[PDB]
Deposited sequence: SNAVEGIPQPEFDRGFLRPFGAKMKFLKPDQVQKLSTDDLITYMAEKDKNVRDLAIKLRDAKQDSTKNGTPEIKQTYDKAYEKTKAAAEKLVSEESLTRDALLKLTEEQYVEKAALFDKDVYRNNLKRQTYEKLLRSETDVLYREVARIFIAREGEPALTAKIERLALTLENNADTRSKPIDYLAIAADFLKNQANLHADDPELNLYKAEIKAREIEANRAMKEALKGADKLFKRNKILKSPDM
């Protein structure tokens, strides 16, 4: 099997400070960013698949330039200035620092993992409660509660905050129902499990930001 710039499975990652990465060859840079950034990994795959393949001789060079530009953009001196760094969101700042620091990468990964699991768990758990709600109160009663809650979340939403998704609605329904029925161990265990991943993801995000500001010193 041929992996064009992708390292083997479970290979220990190599971390360098932004200035050191800027000194790498384009082939050493692509390998570097491919193991840390999913977009550069995806682009390196499309480059590998088209590497082996006249009119296609140029589609390979078009693919190589797309990977080279994407990899260079993540270390571009323009994006590493304190002004350009201050322009970034907390998530963007952490995701950038994760490219150059072992501990930032690990904590950003922990955050992303816990957020993935929170979405997954929220779904599974909402659907469990949905079955019980439908059995005890009927489908029209549930659809009405969700419609109402979705509308309150929409009306009380800040133009600045993230849009309302299934995760926000389901997670709120689960928390609200738990709070309205304190004597339900099932509902309350579900709320506990949601709050658990939430705490985990936030703790990881703050520790990722701590390391980010230690690396960049955005002030």
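Missing C-alpha coordinates mark the following deposited-sequence intervals, in order: 1-11, 65-70, 237-244.
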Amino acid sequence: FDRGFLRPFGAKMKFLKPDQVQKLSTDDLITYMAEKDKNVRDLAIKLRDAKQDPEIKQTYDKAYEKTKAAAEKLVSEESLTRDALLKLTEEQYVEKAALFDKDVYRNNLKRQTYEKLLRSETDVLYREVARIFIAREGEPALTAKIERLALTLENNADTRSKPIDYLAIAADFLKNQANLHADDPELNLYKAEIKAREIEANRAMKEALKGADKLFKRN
From here on, numbers count along this sequence of modelled residues.
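Of the two stretches examined, 35-43 and 62-70, the record assigns the greater average C-alpha temperature factor to 62-70. Just going by the entry, 21-29 versus 195-203 on mean CA temperature factor gives the higher value to 21-29. Ranking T81, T143, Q112, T122 by Cα temperature factor from the entry places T81 first. Highest C-alpha temperature factor among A135, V129, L85, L99, as the PDB entry reports it: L85. Per-chain ranking of the deposited C-alpha B factor places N188 in the lowest third.
When the modelled residues of the chain are ordered by C-alpha B-factor, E90 sits in the highest third. Annotation for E77: C-alpha temperature factor in the highest third relative to the rest of the modelled chain, per the entry.
In the PDB entry, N176 places in the lowest third of its chain by CA B-factor. Sort the chain's modelled residues by C-alpha temperature factor and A157 lands in the highest third, per the entry.
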